[PDB]
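Student: For reference, the file structure-v6.pdb (PDB, C-alpha atoms and all ligand atoms) is included below:
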```
ATOM      1  CA  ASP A   8      66.684 -76.362 -57.997  1.00  0.00           C
ATOM      2  CA  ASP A   9      65.605 -74.866 -61.313  1.00  0.00           C
ATOM      3  CA  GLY A  10      62.050 -75.431 -60.088  1.00  0.00           C
ATOM      4  CA  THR A  11      60.525 -75.385 -63.582  1.00  0.00           C
ATOM      5  CA  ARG A  12      60.565 -77.850 -66.467  1.00  0.00           C
ATOM      6  CA  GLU A  13      60.473 -76.391 -69.960  1.00  0.00           C
ATOM      7  CA  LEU A  14      60.018 -77.371 -73.600  1.00  0.00           C
ATOM      8  CA  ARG A  15      60.523 -74.612 -76.168  1.00  0.00           C
ATOM      9  CA  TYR A  16      60.342 -74.721 -79.956  1.00  0.00           C
ATOM     10  CA  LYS A  17      60.622 -72.072 -82.676  1.00  0.00           C
ATOM     11  CA  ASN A  18      58.773 -72.952 -85.876  1.00  0.00           C
ATOM     12  CA  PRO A  19      60.855 -72.196 -89.001  1.00  0.00           C
ATOM     13  CA  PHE A  20      57.834 -72.663 -91.302  1.00  0.00           C
ATOM     14  CA  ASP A  21      55.340 -70.125 -89.914  1.00  0.00           C
ATOM     15  CA  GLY A  22      57.497 -68.251 -87.384  1.00  0.00           C
ATOM     16  CA  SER A  23      55.389 -69.170 -84.354  1.00  0.00           C
ATOM     17  CA  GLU A  24      56.858 -70.281 -81.040  1.00  0.00           C
ATOM     18  CA  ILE A  25      55.494 -72.334 -78.158  1.00  0.00           C
ATOM     19  CA  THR A  26      56.831 -72.448 -74.592  1.00  0.00           C
ATOM     20  CA  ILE A  27      55.598 -75.215 -72.278  1.00  0.00           C
ATOM     21  CA  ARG A  28      56.538 -75.090 -68.597  1.00  0.00           C
ATOM     22  CA  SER A  29      55.514 -76.911 -65.437  1.00  0.00           C
ATOM     23  CA  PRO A  30      56.821 -76.636 -61.864  1.00  0.00           C
ATOM     24  CA  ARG A  31      58.950 -79.432 -60.458  1.00  0.00           C
ATOM     25  CA  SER A  32      56.689 -79.294 -57.383  1.00  0.00           C
ATOM     26  CA  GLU A  33      54.108 -81.127 -59.530  1.00  0.00           C
ATOM     27  CA  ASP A  34      56.486 -83.896 -60.621  1.00  0.00           C
ATOM     28  CA  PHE A  35      55.876 -87.380 -59.256  1.00  0.00           C
ATOM     29  CA  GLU A  36      58.991 -87.340 -57.057  1.00  0.00           C
ATOM     30  CA  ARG A  37      57.703 -84.271 -55.213  1.00  0.00           C
ATOM     31  CA  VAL A  38      54.009 -85.220 -55.188  1.00  0.00           C
ATOM     32  CA  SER A  39      54.388 -88.840 -54.067  1.00  0.00           C
ATOM     33  CA  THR A  40      56.861 -87.891 -51.327  1.00  0.00           C
ATOM     34  CA  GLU A  41      54.391 -85.270 -50.083  1.00  0.00           C
ATOM     35  CA  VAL A  42      51.538 -87.786 -50.046  1.00  0.00           C
ATOM     36  CA  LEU A  43      53.829 -90.215 -48.219  1.00  0.00           C
ATOM     37  CA  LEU A  44      54.923 -87.641 -45.633  1.00  0.00           C
ATOM     38  CA  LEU A  45      51.334 -86.614 -44.869  1.00  0.00           C
ATOM     39  CA  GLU A  46      50.485 -90.293 -44.355  1.00  0.00           C
ATOM     40  CA  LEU A  47      53.556 -90.671 -42.125  1.00  0.00           C
ATOM     41  CA  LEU A  48      52.771 -87.711 -39.865  1.00  0.00           C
ATOM     42  CA  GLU A  49      49.152 -88.837 -39.498  1.00  0.00           C
ATOM     43  CA  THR A  50      50.439 -92.193 -38.229  1.00  0.00           C
ATOM     44  CA  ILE A  51      51.925 -90.436 -35.189  1.00  0.00           C
ATOM     45  CA  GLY A  52      48.863 -88.267 -34.675  1.00  0.00           C
ATOM     46  CA  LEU A  53      49.475 -85.177 -36.842  1.00  0.00           C
ATOM     47  CA  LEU A  54      46.999 -84.398 -39.631  1.00  0.00           C
ATOM     48  CA  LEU A  55      48.488 -81.720 -41.897  1.00  0.00           C
ATOM     49  CA  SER A  56      47.600 -80.165 -45.229  1.00  0.00           C
ATOM     50  CA  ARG A  57      49.856 -79.955 -48.268  1.00  0.00           C
ATOM     51  CA  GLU A  58      50.223 -76.195 -47.806  1.00  0.00           C
ATOM     52  CA  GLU A  59      51.344 -76.705 -44.202  1.00  0.00           C
ATOM     53  CA  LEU A  60      53.908 -79.243 -45.403  1.00  0.00           C
ATOM     54  CA  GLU A  61      55.119 -76.681 -47.943  1.00  0.00           C
ATOM     55  CA  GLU A  62      55.464 -74.316 -44.979  1.00  0.00           C
ATOM     56  CA  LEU A  63      57.701 -76.818 -43.175  1.00  0.00           C
ATOM     57  CA  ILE A  64      59.812 -76.925 -46.353  1.00  0.00           C
ATOM     58  CA  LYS A  65      60.340 -73.161 -46.294  1.00  0.00           C
ATOM     59  CA  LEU A  66      61.267 -73.070 -42.603  1.00  0.00           C
ATOM     60  CA  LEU A  67      63.722 -75.930 -43.146  1.00  0.00           C
ATOM     61  CA  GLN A  68      65.349 -73.974 -45.981  1.00  0.00           C
ATOM     62  CA  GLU A  69      65.679 -70.990 -43.642  1.00  0.00           C
ATOM     63  CA  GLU A  70      67.557 -73.131 -41.122  1.00  0.00           C
ATOM     64  CA  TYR A  71      69.781 -74.552 -43.894  1.00  0.00           C
ATOM     65  CA  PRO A  72      70.014 -72.087 -46.811  1.00  0.00           C
ATOM     66  CA  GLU A  73      72.087 -74.543 -48.865  1.00  0.00           C
ATOM     67  CA  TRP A  74      69.150 -76.996 -49.023  1.00  0.00           C
ATOM     68  CA  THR A  75      66.891 -77.230 -52.057  1.00  0.00           C
ATOM     69  CA  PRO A  76      63.117 -77.667 -51.604  1.00  0.00           C
ATOM     70  CA  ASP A  77      63.422 -81.319 -52.655  1.00  0.00           C
ATOM     71  CA  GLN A  78      66.355 -81.769 -50.263  1.00  0.00           C
ATOM     72  CA  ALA A  79      64.428 -80.367 -47.293  1.00  0.00           C
ATOM     73  CA  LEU A  80      61.385 -82.502 -48.109  1.00  0.00           C
ATOM     74  CA  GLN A  81      63.391 -85.725 -48.349  1.00  0.00           C
ATOM     75  CA  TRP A  82      65.116 -84.961 -45.039  1.00  0.00           C
ATOM     76  CA  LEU A  83      61.737 -84.404 -43.386  1.00  0.00           C
ATOM     77  CA  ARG A  84      60.528 -87.677 -44.915  1.00  0.00           C
ATOM     78  CA  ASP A  85      63.592 -89.617 -43.753  1.00  0.00           C
ATOM     79  CA  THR A  86      63.529 -88.068 -40.274  1.00  0.00           C
ATOM     80  CA  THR A  87      59.851 -88.950 -39.941  1.00  0.00           C
ATOM     81  CA  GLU A  88      60.452 -92.501 -41.202  1.00  0.00           C
ATOM     82  CA  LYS A  89      63.387 -93.084 -38.850  1.00  0.00           C
ATOM     83  CA  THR A  90      61.207 -91.761 -36.027  1.00  0.00           C
ATOM     84  CA  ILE A  91      58.556 -94.293 -37.076  1.00  0.00           C
ATOM     85  CA  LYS A  92      61.082 -97.144 -37.027  1.00  0.00           C
ATOM     86  CA  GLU A  93      62.595 -96.280 -33.647  1.00  0.00           C
ATOM     87  CA  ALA A  94      59.114 -95.924 -32.142  1.00  0.00           C
ATOM     88  CA  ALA A  95      58.159 -99.355 -33.487  1.00  0.00           C
ATOM     89  CA  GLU A  96      61.403-100.753 -32.062  1.00  0.00           C
ATOM     90  CA  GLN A  97      60.853 -99.187 -28.614  1.00  0.00           C
ATOM     91  CA  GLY A  98      57.150-100.017 -28.300  1.00  0.00           C
ATOM     92  CA  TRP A  99      56.195 -96.359 -27.923  1.00  0.00           C
ATOM     93  CA  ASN A 100      52.759 -94.855 -28.467  1.00  0.00           C
ATOM     94  CA  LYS A 101      51.928 -92.101 -30.955  1.00  0.00           C
ATOM     95  CA  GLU A 102      52.633 -89.314 -28.455  1.00  0.00           C
ATOM     96  CA  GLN A 103      56.102 -90.637 -27.619  1.00  0.00           C
ATOM     97  CA  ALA A 104      56.878 -90.999 -31.326  1.00  0.00           C
ATOM     98  CA  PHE A 105      55.712 -87.417 -31.850  1.00  0.00           C
ATOM     99  CA  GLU A 106      58.001 -86.220 -29.053  1.00  0.00           C
ATOM    100  CA  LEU A 107      60.926 -87.934 -30.789  1.00  0.00           C
ATOM    101  CA  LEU A 108      60.144 -86.076 -34.014  1.00  0.00           C
ATOM    102  CA  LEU A 109      60.013 -82.754 -32.149  1.00  0.00           C
ATOM    103  CA  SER A 110      63.437 -83.395 -30.596  1.00  0.00           C
ATOM    104  CA  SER A 111      64.852 -84.340 -34.029  1.00  0.00           C
ATOM    105  CA  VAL A 112      64.023 -81.058 -35.805  1.00  0.00           C
ATOM    106  CA  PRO A 113      65.250 -77.478 -35.295  1.00  0.00           C
ATOM    107  CA  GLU A 114      63.574 -75.295 -32.690  1.00  0.00           C
ATOM    108  CA  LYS A 115      61.555 -73.251 -35.193  1.00  0.00           C
ATOM    109  CA  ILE A 116      60.405 -76.465 -36.896  1.00  0.00           C
ATOM    110  CA  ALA A 117      59.225 -78.097 -33.662  1.00  0.00           C
ATOM    111  CA  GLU A 118      57.338 -74.998 -32.512  1.00  0.00           C
ATOM    112  CA  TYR A 119      55.432 -74.953 -35.806  1.00  0.00           C
ATOM    113  CA  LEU A 120      54.671 -78.677 -35.535  1.00  0.00           C
ATOM    114  CA  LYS A 121      53.371 -78.248 -31.982  1.00  0.00           C
ATOM    115  CA  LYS A 122      51.249 -75.268 -33.050  1.00  0.00           C
ATOM    116  CA  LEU A 123      49.588 -77.277 -35.830  1.00  0.00           C
ATOM    117  CA  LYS A 124      49.232 -80.235 -33.455  1.00  0.00           C
ATOM    118  CA  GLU A 125      47.447 -78.107 -30.851  1.00  0.00           C
ATOM    119  CA  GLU A 126      45.295 -76.527 -33.567  1.00  0.00           C
ATOM    120  CA  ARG A 127      44.039 -79.901 -34.810  1.00  0.00           C
ATOM    121  CA  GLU A 128      43.042 -80.760 -31.224  1.00  0.00           C
ATOM    122  CA  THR A 129      41.437 -77.485 -30.101  1.00  0.00           C
ATOM    123  CA  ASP A 130      39.825 -76.420 -33.406  1.00  0.00           C
ATOM    124  CA  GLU A 131      37.505 -79.157 -34.652  1.00  0.00           C
ATOM    125  CA  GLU A 132      36.243 -77.030 -37.549  1.00  0.00           C
ATOM    126  CA  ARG A 133      39.729 -76.420 -38.956  1.00  0.00           C
ATOM    127  CA  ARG A 134      40.670 -80.066 -38.389  1.00  0.00           C
ATOM    128  CA  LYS A 135      37.701 -81.122 -40.523  1.00  0.00           C
ATOM    129  CA  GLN A 136      38.812 -78.546 -43.100  1.00  0.00           C
ATOM    130  CA  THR A 137      42.316 -80.037 -43.131  1.00  0.00           C
ATOM    131  CA  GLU A 138      40.847 -83.493 -43.759  1.00  0.00           C
ATOM    132  CA  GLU A 139      38.652 -81.921 -46.456  1.00  0.00           C
ATOM    133  CA  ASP A 140      41.598 -80.411 -48.343  1.00  0.00           C
ATOM    134  CA  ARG A 141      43.441 -83.732 -48.018  1.00  0.00           C
ATOM    135  CA  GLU A 142      40.694 -85.757 -49.696  1.00  0.00           C
ATOM    136  CA  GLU A 143      40.170 -82.980 -52.251  1.00  0.00           C
ATOM    137  CA  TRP A 144      43.845 -83.042 -53.237  1.00  0.00           C
ATOM    138  CA  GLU A 145      43.775 -86.844 -53.453  1.00  0.00           C
ATOM    139  CA  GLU A 146      40.745 -86.705 -55.744  1.00  0.00           C
ATOM    140  CA  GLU A 147      42.569 -84.139 -57.889  1.00  0.00           C
ATOM    141  CA  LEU A 148      45.585 -86.454 -58.122  1.00  0.00           C
ATOM    142  CA  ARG A 149      43.302 -89.359 -59.064  1.00  0.00           C
ATOM    143  CA  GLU A 150      41.881 -87.234 -61.889  1.00  0.00           C
ATOM    144  CA  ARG A 151      45.483 -86.987 -63.141  1.00  0.00           C
ATOM    145  CA  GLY A 152      45.954 -90.776 -63.134  1.00  0.00           C
ATOM    146  CA  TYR A 153      47.301 -91.259 -59.607  1.00  0.00           C
ATOM    147  CA  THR A 154      46.431 -94.405 -57.667  1.00  0.00           C
ATOM    148  CA  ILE A 155      46.742 -94.158 -53.880  1.00  0.00           C
ATOM    149  CA  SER A 156      46.064 -97.516 -52.209  1.00  0.00           C
ATOM    150  CA  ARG A 157      46.064 -98.046 -48.436  1.00  0.00           C
ATOM    151  CA  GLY A 158      46.290-101.518 -46.923  1.00  0.00           C
ATOM    152  CA  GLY A 159      47.544-102.399 -43.461  1.00  0.00           C
ATOM    153  CA  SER A 160      47.143-104.851 -40.594  1.00  0.00           C
ATOM    154  CA  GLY A 161      44.260-103.177 -38.761  1.00  0.00           C
TER     155      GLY A 161
HETATM  156  K     K B   1      62.336 -70.325 -47.024  1.00  0.00           K
HETATM  157  K     K B   2      64.111 -89.359 -35.113  1.00  0.00           K
END
```
Once you've parsed the file, please lay out its structure as structure tokens.
Tutor:
Amino acid sequence: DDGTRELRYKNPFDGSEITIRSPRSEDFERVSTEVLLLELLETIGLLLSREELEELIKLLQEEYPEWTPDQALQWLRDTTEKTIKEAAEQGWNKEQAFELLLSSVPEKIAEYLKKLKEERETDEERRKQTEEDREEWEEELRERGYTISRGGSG
């Protein structure tokens, strides 16, 4: 995509000009989908950071150069959601649902997911850091007016 919003105005009265830009990665469509996808992956036992999700976006674009960043993110979201649904329909546990996600993504994607998965399990310090960045980013979104409400069965 263009990747950057812009508003530009040239003042005919005093000759000044102002250029206002902001990346599309901070728009609600991108942000809310990223919050959703991190919640989705945690449901099947994978705690990731935003920056690691951005990394999955880049690798996906390398597998499919025609895909935009938004396109790759939505495909990851949909693939994760359809993995959630099929796991709920088959009565699988979190590990089986995670295996289905690995077999639904390209080889380079799955190897990066398994690396991060192993890292969260073997490195307790970095896992706590991942959770720390997750709550920090949520608090930063709440400072911007975001409301993130969780309510389930359990
Ligand atoms: K890339
Ligand atoms: K799937």
Student: Please write out the residues within 8 Å of ligand K 2 (chain B) as a PyMOL selection string, counting all atoms listed in the file.
Tutor: chain A and resi 86-91+93+107-108+110-111
Student: Pick out the closest residue to ligand K 1 (chain B) from this set: A:13, A:41, A:69, A:118. Count all atoms listed in the file.
Tutor: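 Closest to ligand K 1 (chain B) of all the choices is A:69.
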Student: For region 54-59 of chain A, list every protein, DNA or RNA residue within 12 Å, evaluated using only C-alpha atoms, and leave out those in the same chain fewer than 6 positions away; present the list as a PyMOL selection string.
Tutor: chain A and resi 32+37-48+65-66+80+116+119-128+131+133-145
Student: Could you list, as an mmCIF file with C-alpha atoms, in the coordinates of the input, every residue matched by the PyMOL selection byres (((not hetatm)) within 10 of (chain B and resi 1)) in this structure?
Tutor:
```cif
data_model
loop_
_atom_site.group_PDB
_atom_site.id
_atom_site.type_symbol
_atom_site.label_atom_id
_atom_site.label_comp_id
_atom_site.auth_asym_id
_atom_site.auth_seq_id
_atom_site.Cartn_x
_atom_site.Cartn_y
_atom_site.Cartn_z
ATOM 1 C CA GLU A 61 55.119 -76.681 -47.943
ATOM 2 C CA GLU A 62 55.464 -74.316 -44.979
ATOM 3 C CA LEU A 63 57.701 -76.818 -43.175
ATOM 4 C CA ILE A 64 59.812 -76.925 -46.353
ATOM 5 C CA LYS A 65 60.340 -73.161 -46.294
ATOM 6 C CA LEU A 66 61.267 -73.070 -42.603
ATOM 7 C CA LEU A 67 63.722 -75.930 -43.146
ATOM 8 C CA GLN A 68 65.349 -73.974 -45.981
ATOM 9 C CA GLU A 69 65.679 -70.990 -43.642
ATOM 10 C CA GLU A 70 67.557 -73.131 -41.122
ATOM 11 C CA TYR A 71 69.781 -74.552 -43.894
ATOM 12 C CA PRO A 72 70.014 -72.087 -46.811
ATOM 13 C CA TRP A 74 69.150 -76.996 -49.023
ATOM 14 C CA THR A 75 66.891 -77.230 -52.057
ATOM 15 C CA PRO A 76 63.117 -77.667 -51.604
#
```
Student: Taking the file as shown, what set of residues would the PyMOL selection byres (((chain A and resi 30) around 10) and not hetatm) give back, as an mmCIF file with C-alpha atoms, keeping the file's coordinate frame?
Tutor:
```
data_model
loop_
_atom_site.group_PDB
_atom_site.id
_atom_site.type_symbol
_atom_site.label_atom_id
_atom_site.label_comp_id
_atom_site.auth_asym_id
_atom_site.auth_seq_id
_atom_site.Cartn_x
_atom_site.Cartn_y
_atom_site.Cartn_z
ATOM 1 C CA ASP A 9 65.605 -74.866 -61.313
ATOM 2 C CA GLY A 10 62.050 -75.431 -60.088
ATOM 3 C CA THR A 11 60.525 -75.385 -63.582
ATOM 4 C CA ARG A 12 60.565 -77.850 -66.467
ATOM 5 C CA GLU A 13 60.473 -76.391 -69.960
ATOM 6 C CA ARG A 28 56.538 -75.090 -68.597
ATOM 7 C CA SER A 29 55.514 -76.911 -65.437
ATOM 8 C CA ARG A 31 58.950 -79.432 -60.458
ATOM 9 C CA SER A 32 56.689 -79.294 -57.383
ATOM 10 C CA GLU A 33 54.108 -81.127 -59.530
ATOM 11 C CA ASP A 34 56.486 -83.896 -60.621
#
```
Student: What is the distance, in Å and to one decimal place, between CA of residue 25 (chain A) and CA of residue 77 (chain A)?
Tutor: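 CA of residue 77 (chain A) lies at a distance of 28.2 Å from CA of residue 25 (chain A).
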